[PDB]
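Below: one structure, written as structure tokens.
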Amino acid sequence: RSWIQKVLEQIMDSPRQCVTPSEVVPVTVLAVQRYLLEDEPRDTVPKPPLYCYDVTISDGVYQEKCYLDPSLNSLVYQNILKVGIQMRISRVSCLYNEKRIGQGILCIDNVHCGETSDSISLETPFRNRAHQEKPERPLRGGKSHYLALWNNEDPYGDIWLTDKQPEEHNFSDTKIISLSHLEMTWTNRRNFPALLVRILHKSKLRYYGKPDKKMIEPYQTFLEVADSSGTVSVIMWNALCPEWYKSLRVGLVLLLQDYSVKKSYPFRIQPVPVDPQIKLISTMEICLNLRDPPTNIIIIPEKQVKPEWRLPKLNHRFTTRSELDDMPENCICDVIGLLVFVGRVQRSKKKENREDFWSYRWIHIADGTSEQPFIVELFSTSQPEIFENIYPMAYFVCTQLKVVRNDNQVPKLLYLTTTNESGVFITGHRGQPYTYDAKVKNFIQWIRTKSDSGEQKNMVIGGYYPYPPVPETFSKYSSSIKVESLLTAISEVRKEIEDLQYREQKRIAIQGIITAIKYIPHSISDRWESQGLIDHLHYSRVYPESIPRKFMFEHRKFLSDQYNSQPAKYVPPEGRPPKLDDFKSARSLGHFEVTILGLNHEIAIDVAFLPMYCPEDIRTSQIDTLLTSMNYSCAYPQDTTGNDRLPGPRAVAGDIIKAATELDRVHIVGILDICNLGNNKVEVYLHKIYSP
Amino acid sequence: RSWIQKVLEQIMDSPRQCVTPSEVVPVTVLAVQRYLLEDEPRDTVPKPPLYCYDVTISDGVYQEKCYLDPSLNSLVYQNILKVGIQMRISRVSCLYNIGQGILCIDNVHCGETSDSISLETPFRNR
DNA sequence: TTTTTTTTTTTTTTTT
């Protein structure tokens with residue numbers, strides 16, 4: 001009948017025994033989720049992975065949610081095991097969950113992941129109805145839940161509800177006190193009366209679920225609510241977060257009752273609000289645990305709000321690029337404008353935990369006050385629905401952005417970062433949610449005027465955008481690398497490329513001589529050489545996803561899904577999609593295949609030089625040298641004219657070849673960005689060839 | 001000019017939500033007088049003090065009588081807020097318990113004995 | 001980061 005049924009019937013009566021399936025039939029992956037790997041023995045020297053995965057392989061007849069043996073998590077770290085792929089299970093085992101009444105669970109123990117399936121059916125029935133329970137939960141554990149596939153700060157699954165609506169709680173005889181009242185009297189108040197607070201800042205989710213400790217929904221969010229003049233950092237615990245997080249927005253008047261008051265956490269950093277007149281109560285913090293009756297948190301509509309009392313309004317620090325030009329090192333600010341660039345979902349390993357990762361994506365916000373965008377570093381703000389789907393041609397507003405500057409290098413690094421309390425939103429056509437702000441009105445007027453002028457901005461999506469520009473002073477580049485082996489070995493590049501996980505980024509420096517360079521037109525000589533080694537690396541491959549693509553609104557879902565994070569569950573294509581190549585490339589000049597010879601003429605490597613500067617840059621000398629990959633603007637050409645009377649990109653080609661030819665035997669320290677685009681595809685691109 | 005004048009006008013202009021004095025200058029206490037605390041809820045678990053005091057500061061230009069917050073009654077219980085000592089207010093409100101107002105002291109930093117206490121400064125409010 | 005339930009409080013004014 002089906003492979004699933006046959007294997008399950010074959011292995012049902014032998015729990016915790018590994019049997020090769022009687023028949024090996026390719027099965028389509030229809031979903032891949034990630035959850036904590038508790039209940040495993042942490043006594044083994046190779047501590048089992050902090051997370052395990054569940055894969056919903058689907059046969060022609062049924063699809064039965066299986067369990068991936070944690071030893072196979074390598075196939076998911078590299079994204080080799082993705083949704084829509086065909087794999088051939090080689091080893092299976094049966095495990096029974098002792099905290100649930102149900103049938104056996106198939107335990108995948110060895111796979112041979114192949115390629116994307118030709119036909120994926122999302123309507124195949126579920127063999128075991130238990131797997132079809134609407135509040136989807138992991139196969140193992142009693143009250144477990146699925147986390148987001150890659151990062152841990154993004155809500156995922158059905159445990160996250162959005163059903164909360166305003167409620168009209170009568171204030172007839174409700175004892176409401178002020179935050180300062182608790183501040184002065186919270187160690188003597190046996191009972192803590194009700195409160196009427198308003199949200200000012202909502203923080204990003206935080207998962208504190210360790211594998212050994214037994215906790216349910218280890219989710220914790222810090223909300224800076226302010227009742228009257230006072231403000232405290234309320235913190236929701238346990239399973240309260242996945243019942244109120246997707247519903248509570250900044251500016252909702254909450255009525256908190258049956259709460260707890262304690263001492264401020266020692267490592268807590270309460271953010272200063274926009275208004276300085278308020279009192280920042282930083283000695284005690286209100287903890288909201290899930291009380292049996294659902295009266296602890298009640299939100300009252302604005303109509304029920306009474307100006308008779310004083311409630312701190314939600315203010316903002318909207319700033320333009322011109323203002324940012326003078327803003328100091330660290331000054332939290334809000335930004336708004338028309339998105340003009342979207343990066344990729346890069347992942348940086350957390351120092352706190354080498355297993356967890358962040359999910360950031362470089363974006364550019366355009367305004368009328370400057371010719372450069374804000375260049376925001378957008379981390380995951382626990383808003384996957386917006387974060388993943390943002391595209392250039394739209395209005396984007398991000399709040400609580402911290403300035404970051406670096407004058408050590410000539411191209412001042414004036415960019416922003418997303419703090420813990422940073423939120424993301426896409427404003428309406430007129431800017432309805434933020435229309436009240438004056439800067440918002442100015443931005444909307446600018447967009448309307450420019451559109452009425454028949455003008456469009458150069459919109460780019462995804463690509464290879466290493467925003468951080470390596471300085472021109474190799475000494476400063478080394479200084480930034482404090483005893484971290486700034487110059488990676490010529491033979492270690494293989495291992496470093498083998499260490500990156502899905503969409504991981506890392507910057508290293510190599511020492512060598514320019515073996516040769518062949519110009520690759522994006523579409524005056526075409527090739528040149530400088531002139532038997534121990535071994536050579538063939539890493540000069542530029543993938544189609546690496547080339548930035550001009551944005552076309554007609555095809556926006558396709559473009560946004562080609563640079564997003566890999567989906568957890570399958571979604572059939574809505575028709576026959578286009579091809580990424582048919583979209584024009586935002587780059588104005590082609591790449592190169594610079595080959596590097598080792599200092600000890602023993603190891604060689606092939607790397608790709610993908611410059612971002614336009615011919616306008618090499619004419620105006622906005623770049624550092626002809627061997628750099630980023631221009632001082634670090635912004636894709638504004639297309640003020642599209643094509644100018646300047647030396648054509650074909651002329652800049654050949655010119656770069658001869659510029660490299662100048663560095664015939666010169667000892668150089670090139671900075672080579674290395675990233676793993678997914679599957680086994682890995683990119684190694686040049687950034688800057690430091691020369692003496 | 002006069003510190004009390006500036007504080008009064010500031011709390012009148014900006015919302016009177018325990019306005020923090022924009023500028024803090026040492027002020028000399030000229031009198032501390034007590035009376036019963038009538039017209040109070042007296043229903044909070046931490047029952048309010050039975051008596052309250054009305055300090056009489058002097059900034060060198062005018063002397064204004066200010067109603068001390070009952071929360072700061074310990075400073076007078078311990079004789080830390082006496083005549084002569086020059087203090088520094090840090091919070092101020094504008095109570096109406098109305099004609100003009102009642103400059104309230106919500107916080108204070110009692111200092112050292114003053115050497116220039118003047119009994120000649122006229123009352124700003126008659 | 002986690003973390004719940006319970007209560008305790010005595011005393012000198014008004015007459016119209």
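Within each chain, counting starts at residue 1; across the structure tokens, chains are named A, B, ... in the order shown, with ligands numbered 1 upward in that order.
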Among region 416-540 of chain A, which ones does DSSP place in alpha helix (DSSP H), written as a JSON list (two decimals) with C-alpha atoms, in the first residue's frame?
```
[["chain", "number", "residue", "atom", "x", "y", "z"],
["A", 438, "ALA", "CA", 5.18, 64.96, 11.51],
["A", 439, "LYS", "CA", 8.22, 63.16, 10.07],
["A", 440, "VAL", "CA", 5.88, 60.43, 8.82],
["A", 441, "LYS", "CA", 3.80, 63.08, 7.05],
["A", 442, "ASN", "CA", 6.95, 64.55, 5.51],
["A", 443, "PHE", "CA", 8.04, 61.14, 4.23],
["A", 444, "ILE", "CA", 4.60, 60.40, 2.76],
["A", 445, "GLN", "CA", 4.59, 63.80, 1.06],
["A", 446, "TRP", "CA", 8.06, 63.14, -0.35],
["A", 447, "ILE", "CA", 6.99, 59.78, -1.77],
["A", 448, "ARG", "CA", 3.81, 61.24, -3.24],
["A", 449, "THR", "CA", 5.71, 64.14, -4.81],
["A", 450, "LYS", "CA", 8.42, 61.92, -6.32],
["A", 451, "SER", "CA", 5.81, 59.54, -7.73],
["A", 452, "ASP", "CA", 3.91, 62.54, -9.11],
["A", 474, "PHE", "CA", 45.62, 46.98, 6.91],
["A", 475, "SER", "CA", 47.04, 47.94, 10.31],
["A", 476, "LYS", "CA", 43.58, 48.98, 11.49],
["A", 477, "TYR", "CA", 42.11, 45.81, 9.99],
["A", 478, "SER", "CA", 44.54, 43.78, 12.09],
["A", 479, "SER", "CA", 43.81, 45.96, 15.13],
["A", 480, "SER", "CA", 40.11, 45.13, 14.88],
["A", 493, "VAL", "CA", 40.01, 27.63, 3.90],
["A", 494, "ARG", "CA", 38.54, 24.19, 3.22],
["A", 495, "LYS", "CA", 37.87, 23.58, 6.92],
["A", 496, "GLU", "CA", 36.46, 27.07, 7.47],
["A", 497, "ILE", "CA", 34.10, 26.61, 4.52],
["A", 498, "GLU", "CA", 33.15, 23.25, 6.07],
["A", 499, "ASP", "CA", 32.32, 24.89, 9.43]]
```
Using only C-alpha atoms, tabulate the residues of region 52-92 of chain B lying at most 8 Å from any atom of region 99-122 of chain B, each with its closest atom pair and that distance in Å to one decimal, by chain and increasing residue number, as a Markdown table.
```
| residue | atom | partner | partner_atom | distance |
| --- | --- | --- | --- | --- |
| B:58 | CA | B:121 | CA | 7.5 |
| B:60 | CA | B:121 | CA | 6.4 |
| B:61 | CA | B:121 | CA | 6.0 |
| B:62 | CA | B:121 | CA | 5.2 |
| B:63 | CA | B:121 | CA | 6.1 |
| B:65 | CA | B:103 | CA | 7.7 |
| B:66 | CA | B:103 | CA | 5.2 |
| B:67 | CA | B:104 | CA | 4.9 |
| B:68 | CA | B:105 | CA | 5.1 |
| B:69 | CA | B:106 | CA | 5.5 |
| B:71 | CA | B:106 | CA | 7.9 |
| B:72 | CA | B:107 | CA | 7.3 |
| B:80 | CA | B:110 | CA | 6.9 |
| B:81 | CA | B:110 | CA | 6.4 |
| B:84 | CA | B:114 | CA | 5.6 |
| B:85 | CA | B:113 | CA | 4.2 |
| B:86 | CA | B:111 | CA | 5.4 |
| B:87 | CA | B:110 | CA | 4.5 |
| B:88 | CA | B:109 | CA | 5.1 |
| B:89 | CA | B:108 | CA | 4.3 |
| B:90 | CA | B:107 | CA | 5.4 |
| B:91 | CA | B:106 | CA | 5.0 |
| B:92 | CA | B:105 | CA | 5.0 |
```
**Asked** Where in chain B does DSSP assign strand (DSSP E), given as an NGL selection string?
**Response** :B and (27-36 or 51-58 or 63-68 or 86-87 or 89-95 or 102-108)
**Asked** Taking only C-alpha atoms (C1' of nucleotides) into account, what are the residues of chain A at most 9 Å from chain C, put as a VMD selection string?
**Response** chain A and resid 208 237 to 238 265
Suppose we keep C-alpha atoms; can you now write the selection as a compact mmCIF listing (two decimals), in the first residue's frame?
```
# COMPACT_ATOMS: atom_id res chain seq x y z
CA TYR A 208 15.35 30.06 28.25
CA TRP A 237 6.66 34.10 32.40
CA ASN A 238 6.05 30.49 31.36
CA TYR A 265 16.97 41.24 37.79
```
Set the distance at 9 Å and use only C-alpha atoms (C1' of nucleotides): which residues neighbour residue 470 (chain A) once local chain neighbours fewer than 3 positions away are removed? I'd like the list as an mmCIF file with N, CA, C and O atoms, in the first residue's frame.
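Dumped everything to around.cif:
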```
data_model
loop_
_atom_site.group_PDB
_atom_site.id
_atom_site.type_symbol
_atom_site.label_atom_id
_atom_site.label_comp_id
_atom_site.auth_asym_id
_atom_site.auth_seq_id
_atom_site.Cartn_x
_atom_site.Cartn_y
_atom_site.Cartn_z
ATOM 1 N N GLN A 409 38.257 53.862 10.299
ATOM 2 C CA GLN A 409 38.465 53.742 8.866
ATOM 3 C C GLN A 409 37.906 54.964 8.152
ATOM 4 O O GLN A 409 37.026 55.660 8.668
ATOM 5 N N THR A 473 43.394 50.772 5.744
ATOM 6 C CA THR A 473 44.601 50.618 6.554
ATOM 7 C C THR A 473 44.640 49.184 7.070
ATOM 8 O O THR A 473 43.914 48.828 8.002
ATOM 9 N N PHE A 474 45.492 48.358 6.459
ATOM 10 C CA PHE A 474 45.619 46.978 6.912
ATOM 11 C C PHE A 474 45.981 46.912 8.388
ATOM 12 O O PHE A 474 45.597 45.960 9.081
ATOM 13 N N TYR A 477 42.814 47.071 10.174
ATOM 14 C CA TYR A 477 42.107 45.809 9.988
ATOM 15 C C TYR A 477 42.632 44.754 10.952
ATOM 16 O O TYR A 477 41.857 44.006 11.558
ATOM 17 N N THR A 628 38.952 46.823 -4.497
ATOM 18 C CA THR A 628 37.949 46.833 -3.443
ATOM 19 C C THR A 628 36.618 46.324 -3.980
ATOM 20 O O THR A 628 36.346 46.391 -5.181
ATOM 21 N N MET A 630 33.516 47.127 -2.200
ATOM 22 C CA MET A 630 32.457 48.024 -1.769
ATOM 23 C C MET A 630 32.901 49.468 -1.952
ATOM 24 O O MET A 630 34.039 49.823 -1.630
ATOM 25 N N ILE A 671 41.019 40.175 1.960
ATOM 26 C CA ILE A 671 39.932 39.862 2.879
ATOM 27 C C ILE A 671 38.851 39.153 2.074
ATOM 28 O O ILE A 671 38.276 39.732 1.148
ATOM 29 N N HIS A 687 36.883 40.780 -0.992
ATOM 30 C CA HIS A 687 36.423 42.056 -0.460
ATOM 31 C C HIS A 687 37.406 43.175 -0.785
ATOM 32 O O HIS A 687 37.017 44.204 -1.346
ATOM 33 N N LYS A 688 38.678 42.986 -0.443
ATOM 34 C CA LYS A 688 39.695 44.014 -0.622
ATOM 35 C C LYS A 688 41.070 43.367 -0.591
ATOM 36 O O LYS A 688 41.354 42.557 0.295
#
```
